[PDB]
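Here's the structure we're looking at; comments come further down.
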Protein chains: 2
Amino acid sequence: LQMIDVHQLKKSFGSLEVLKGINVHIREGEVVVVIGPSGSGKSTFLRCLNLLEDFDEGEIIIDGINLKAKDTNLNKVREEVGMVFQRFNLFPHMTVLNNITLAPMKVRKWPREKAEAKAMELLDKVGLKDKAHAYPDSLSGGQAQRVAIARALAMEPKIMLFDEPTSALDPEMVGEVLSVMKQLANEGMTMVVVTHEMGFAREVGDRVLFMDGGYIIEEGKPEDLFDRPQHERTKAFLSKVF
Amino acid sequence: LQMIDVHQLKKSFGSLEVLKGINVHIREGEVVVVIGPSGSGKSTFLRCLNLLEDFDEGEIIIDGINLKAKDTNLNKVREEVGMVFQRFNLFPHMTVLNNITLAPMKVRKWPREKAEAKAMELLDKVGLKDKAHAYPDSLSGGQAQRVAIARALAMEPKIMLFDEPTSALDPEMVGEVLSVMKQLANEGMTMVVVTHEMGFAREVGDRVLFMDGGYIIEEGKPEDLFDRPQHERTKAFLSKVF
Ligand SMILES: Nc1ncnc2c1ncn2[C@@H]1O[C@H](COP(=O)(O)OP(=O)(O)NP(=O)(O)O)[C@@H](O)[C@H]1O
Ligand SMILES: Nc1ncnc2c1ncn2[C@@H]1O[C@H](COP(=O)(O)OP(=O)(O)NP(=O)(O)O)[C@@H](O)[C@H]1O
Ligand SMILES: [Mg+2]
Ligand SMILES: [Mg+2]
């Protein structure tokens, strides 16, 4: 019933315990925003959610399937969780269209015509249908990140992870990437977004999770955490950024 | 006697002819710079060399292998031709190190220990040994492009293709990238470089090809084509990049 469930998740990289046991339970259709200083383990957490990194202690069950359960097919899981990174979301050697159908064809064995019918719909939905036969290098940062999203949505995931999707964009390119995301939030997509775009969080986020030094130090509805933070660390952090 | 041999090379997309027949003969250890306005067919040309695109008429023989030859094995030409793009040169879900070892292991079938060796070297060779375990999102454009080179070098290519490797970099970061390319040239690497960074060409380019609308309008040593261009078009292009 809970789309994403994490119990005392712990993760260490050598002599450094990056995650020190965190608890996260995200309901289906819930949009969760994660914030916090560099090195607080935000990326590591996301990488564990879509089986890109392995964890030490605690357990992660997404959509009711324990990632450590002996039977569970780790690929069905990966297939249902999509991810958009800060950069490097596309293959520069193929067209926008081909970037999008690559996985649906290889992983889902969809015939080309089917994959493309689906790819063009998505592309048309982020306003870049006319970029189908272009290469990534010809796209602005704003168009590329939209293509990146369309590409992840092509696998029709149940979950969508975003690791600083607009962070590396020129300020004017931010808006277009954020509106596509809010629409995703509007259609009930379960979402976890690592971002420091306040506006997006206030208007679309259900909860904000403040991470600092391996722990989720505070959480709450966006309004409450931003305007009336209860923990001294949240305050210090907030005052230093945005 | 010939690393790259291209004859009457013609490429068309639908009813539009992008490469109207070009002839290029590059010898091992040579460095050719390609310049020209948007749509000249520069990228299409590089892609034809790296088996990333197929072609209509004419012929192409890499390191003595005719790509249209029924016999000859293409995918061994692929391993021999490296290529750095303007952007998206890295996998975001992987560590730098892993970005570099991936292909060697997967393609050449190298053992992990071996691959990771070749990787750490190329890394230190580009000034990024301390970042072998970091993720791409943490690299600056310049660092990212350098890792990109290491990643293509790991495969031990006989040829290196560059498509505007510094075009999307802030001015401060172009320098560090051109440098790695300069070294590669001095080490006798057959190179084809699409770049509007005129200095680099004059500094290590044996020849410069000015491309305009499907044809190679003019060419010659850097100093010549740049200081005294014979064609009105070359003269006109250079003026806008003055
Ligand atoms: N192989 C590794 N993978 C991920 N993290 C690592 C690794 N090795 C060391 N670390 C450390 O793990 C800690 C947390 O990393 P991370 O999850 O990327 O923090 P972060 O919040 O995403 N940083 P930023 O992305 O700058 O906010 C950092 O100190 C990393 O240096
Ligand atoms: N499917 C396709 N793949 C690649 N190119 C295509 C395709 N369809 C049409 N084209 C056209 O191929 C022509 C040449 O492109 P290209 O080789 O990238 O020129 P260019 O010099 O690299 N452009 P720029 O990189 O802006 O200088 C362009 O007009 C493209 O629109
Ligand atoms: Mg991060
Ligand atoms: Mg190009």
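Chain labels run A, B, ... following the order of the structure tokens; each chain numbers its residues from 1, and ligands are numbered from 1 in the order shown.
Neighbouring residues of ligand 2 at a cut-off of 7 Å, counting only C-alpha atoms and all ligand atoms, are residues 95, 133, 134 and 138 of chain A; 13, 18, 36, 37, 38, 39, 40, 41, 42, 43, 44 and 45 of chain B.
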Hey, can you spit out that residue selection with N, CA, C and O atoms as a PDB file, in the first residue's frame?
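Okay, this is what ended up in again09.pdb:
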ATOM      1  N   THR A  95      19.699   9.638 -31.998  1.00  0.00           N
ATOM      2  CA  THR A  95      18.678  10.668 -32.046  1.00  0.00           C
ATOM      3  C   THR A  95      17.837  10.677 -30.782  1.00  0.00           C
ATOM      4  O   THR A  95      17.819   9.709 -30.016  1.00  0.00           O
ATOM      5  N   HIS A 133      14.182  13.561 -34.528  1.00  0.00           N
ATOM      6  CA  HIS A 133      15.336  13.127 -35.294  1.00  0.00           C
ATOM      7  C   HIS A 133      16.584  13.977 -35.142  1.00  0.00           C
ATOM      8  O   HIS A 133      17.445  14.001 -36.026  1.00  0.00           O
ATOM      9  N   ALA A 134      16.691  14.671 -34.018  1.00  0.00           N
ATOM     10  CA  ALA A 134      17.854  15.494 -33.770  1.00  0.00           C
ATOM     11  C   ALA A 134      18.731  14.756 -32.767  1.00  0.00           C
ATOM     12  O   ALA A 134      18.312  13.758 -32.169  1.00  0.00           O
ATOM     13  N   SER A 138      22.312  19.267 -29.998  1.00  0.00           N
ATOM     14  CA  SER A 138      21.581  20.386 -30.607  1.00  0.00           C
ATOM     15  C   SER A 138      20.511  20.962 -29.697  1.00  0.00           C
ATOM     16  O   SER A 138      19.891  21.972 -30.021  1.00  0.00           O
TER      17      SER A 138
ATOM     18  N   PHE B  13      19.476  12.469 -46.293  1.00  0.00           N
ATOM     19  CA  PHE B  13      18.434  12.196 -45.314  1.00  0.00           C
ATOM     20  C   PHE B  13      17.111  12.498 -45.998  1.00  0.00           C
ATOM     21  O   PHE B  13      16.747  13.656 -46.188  1.00  0.00           O
ATOM     22  N   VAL B  18      22.946  15.718 -47.348  1.00  0.00           N
ATOM     23  CA  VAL B  18      23.773  16.391 -46.355  1.00  0.00           C
ATOM     24  C   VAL B  18      25.252  16.410 -46.747  1.00  0.00           C
ATOM     25  O   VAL B  18      25.926  17.411 -46.554  1.00  0.00           O
ATOM     26  N   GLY B  36      33.122  25.094 -39.983  1.00  0.00           N
ATOM     27  CA  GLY B  36      32.029  25.401 -40.877  1.00  0.00           C
ATOM     28  C   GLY B  36      30.756  25.769 -40.160  1.00  0.00           C
ATOM     29  O   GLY B  36      30.600  25.486 -38.971  1.00  0.00           O
ATOM     30  N   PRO B  37      29.818  26.411 -40.870  1.00  0.00           N
ATOM     31  CA  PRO B  37      28.534  26.836 -40.311  1.00  0.00           C
ATOM     32  C   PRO B  37      27.642  25.662 -39.998  1.00  0.00           C
ATOM     33  O   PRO B  37      27.854  24.560 -40.502  1.00  0.00           O
ATOM     34  N   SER B  38      26.642  25.915 -39.164  1.00  0.00           N
ATOM     35  CA  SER B  38      25.686  24.900 -38.766  1.00  0.00           C
ATOM     36  C   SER B  38      25.074  24.246 -39.995  1.00  0.00           C
ATOM     37  O   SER B  38      24.750  24.931 -40.957  1.00  0.00           O
ATOM     38  N   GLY B  39      24.930  22.921 -39.959  1.00  0.00           N
ATOM     39  CA  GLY B  39      24.338  22.199 -41.074  1.00  0.00           C
ATOM     40  C   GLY B  39      25.262  21.800 -42.215  1.00  0.00           C
ATOM     41  O   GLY B  39      24.808  21.278 -43.232  1.00  0.00           O
ATOM     42  N   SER B  40      26.558  22.025 -42.049  1.00  0.00           N
ATOM     43  CA  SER B  40      27.543  21.692 -43.082  1.00  0.00           C
ATOM     44  C   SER B  40      27.690  20.197 -43.305  1.00  0.00           C
ATOM     45  O   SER B  40      28.136  19.767 -44.365  1.00  0.00           O
ATOM     46  N   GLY B  41      27.337  19.414 -42.289  1.00  0.00           N
ATOM     47  CA  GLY B  41      27.449  17.976 -42.386  1.00  0.00           C
ATOM     48  C   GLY B  41      28.648  17.514 -41.588  1.00  0.00           C
ATOM     49  O   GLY B  41      29.085  16.376 -41.713  1.00  0.00           O
ATOM     50  N   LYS B  42      29.182  18.403 -40.756  1.00  0.00           N
ATOM     51  CA  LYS B  42      30.357  18.068 -39.960  1.00  0.00           C
ATOM     52  C   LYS B  42      30.125  16.867 -39.046  1.00  0.00           C
ATOM     53  O   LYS B  42      30.901  15.906 -39.072  1.00  0.00           O
ATOM     54  N   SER B  43      29.057  16.921 -38.252  1.00  0.00           N
ATOM     55  CA  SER B  43      28.713  15.837 -37.331  1.00  0.00           C
ATOM     56  C   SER B  43      28.336  14.571 -38.066  1.00  0.00           C
ATOM     57  O   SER B  43      28.704  13.473 -37.661  1.00  0.00           O
ATOM     58  N   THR B  44      27.589  14.720 -39.148  1.00  0.00           N
ATOM     59  CA  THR B  44      27.198  13.569 -39.931  1.00  0.00           C
ATOM     60  C   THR B  44      28.447  12.866 -40.429  1.00  0.00           C
ATOM     61  O   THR B  44      28.519  11.636 -40.454  1.00  0.00           O
ATOM     62  N   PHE B  45      29.433  13.657 -40.835  1.00  0.00           N
ATOM     63  CA  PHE B  45      30.671  13.098 -41.342  1.00  0.00           C
ATOM     64  C   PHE B  45      31.395  12.281 -40.272  1.00  0.00           C
ATOM     65  O   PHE B  45      31.786  11.132 -40.515  1.00  0.00           O
TER      66      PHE B  45
END
For chain B versus ligand 3, which residues have an atom no more than 12 Å away, and what is each residue's nearest atom pair and distance in Å rounded to one decimal, using only C-alpha atoms and all ligand atoms, chain-then-number order, as a tab-separated table?
residue	atom	partner	partner_atom_place_in_ligand_line	distance
B:92	CA	ligand 3	1 (Mg)	11.1
B:93	CA	ligand 3	1 (Mg)	11.3
B:134	CA	ligand 3	1 (Mg)	10.8
B:135	CA	ligand 3	1 (Mg)	9.0
B:136	CA	ligand 3	1 (Mg)	10.3
B:137	CA	ligand 3	1 (Mg)	7.5
B:138	CA	ligand 3	1 (Mg)	8.1
B:139	CA	ligand 3	1 (Mg)	11.8
Export of the given selection (N, CA, C and O atoms) as a PDB file, in the first residue's frame:
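Output contents, as saved in result_19.pdb:
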ATOM      1  N   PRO B  92      25.619   8.728 -15.906  1.00  0.00           N
ATOM      2  CA  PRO B  92      25.380   9.363 -14.605  1.00  0.00           C
ATOM      3  C   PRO B  92      25.224   8.425 -13.399  1.00  0.00           C
ATOM      4  O   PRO B  92      25.525   8.804 -12.263  1.00  0.00           O
ATOM      5  N   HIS B  93      24.753   7.209 -13.651  1.00  0.00           N
ATOM      6  CA  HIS B  93      24.531   6.224 -12.592  1.00  0.00           C
ATOM      7  C   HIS B  93      25.775   5.450 -12.194  1.00  0.00           C
ATOM      8  O   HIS B  93      25.695   4.514 -11.401  1.00  0.00           O
ATOM      9  N   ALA B 134      34.156   9.348  -7.642  1.00  0.00           N
ATOM     10  CA  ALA B 134      33.089  10.338  -7.569  1.00  0.00           C
ATOM     11  C   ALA B 134      32.137  10.114  -8.741  1.00  0.00           C
ATOM     12  O   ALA B 134      32.445   9.365  -9.676  1.00  0.00           O
ATOM     13  N   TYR B 135      30.977  10.757  -8.677  1.00  0.00           N
ATOM     14  CA  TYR B 135      29.982  10.640  -9.734  1.00  0.00           C
ATOM     15  C   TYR B 135      30.072  11.867 -10.639  1.00  0.00           C
ATOM     16  O   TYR B 135      30.463  12.943 -10.199  1.00  0.00           O
ATOM     17  N   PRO B 136      29.730  11.703 -11.922  1.00  0.00           N
ATOM     18  CA  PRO B 136      29.753  12.754 -12.947  1.00  0.00           C
ATOM     19  C   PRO B 136      29.116  14.092 -12.554  1.00  0.00           C
ATOM     20  O   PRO B 136      29.655  15.159 -12.857  1.00  0.00           O
ATOM     21  N   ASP B 137      27.970  14.037 -11.884  1.00  0.00           N
ATOM     22  CA  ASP B 137      27.282  15.257 -11.472  1.00  0.00           C
ATOM     23  C   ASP B 137      28.192  16.172 -10.647  1.00  0.00           C
ATOM     24  O   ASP B 137      27.966  17.378 -10.576  1.00  0.00           O
ATOM     25  N   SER B 138      29.222  15.593 -10.036  1.00  0.00           N
ATOM     26  CA  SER B 138      30.157  16.346  -9.203  1.00  0.00           C
ATOM     27  C   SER B 138      31.300  16.975  -9.991  1.00  0.00           C
ATOM     28  O   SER B 138      32.040  17.808  -9.456  1.00  0.00           O
ATOM     29  N   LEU B 139      31.454  16.573 -11.253  1.00  0.00           N
ATOM     30  CA  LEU B 139      32.528  17.103 -12.088  1.00  0.00           C
ATOM     31  C   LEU B 139      32.120  18.396 -12.779  1.00  0.00           C
ATOM     32  O   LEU B 139      30.948  18.604 -13.093  1.00  0.00           O
TER      33      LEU B 139
END
Could you pull the residues within 10 Å of residue 114 of chain B, counting only C-alpha atoms, minus those fewer than 4 positions along the same chain, as a PyMOL selection string?
chain B and resi 101+104-105+110+118-119
Run DSSP on the backbone and tell me which residues of segment 1-236 of chain A come out as alpha helix (DSSP H); list them as a ChimeraX atom specification.
/A:42-49,74-80,96-106,112-125,141-153,171-186,198-204,222-227,232-236
Tell me the residues of chain B close to chain A, meaning within 9 Å using only C-alpha atoms, as a PyMOL selection string.
chain B and resi 47+52+85-94+136-137
Mind checking which residues fall within 10 Å of residue 28 of chain A, counting only C-alpha atoms, ignoring those fewer than 4 positions away in the same chain, and posting them as a count of residues only?
11
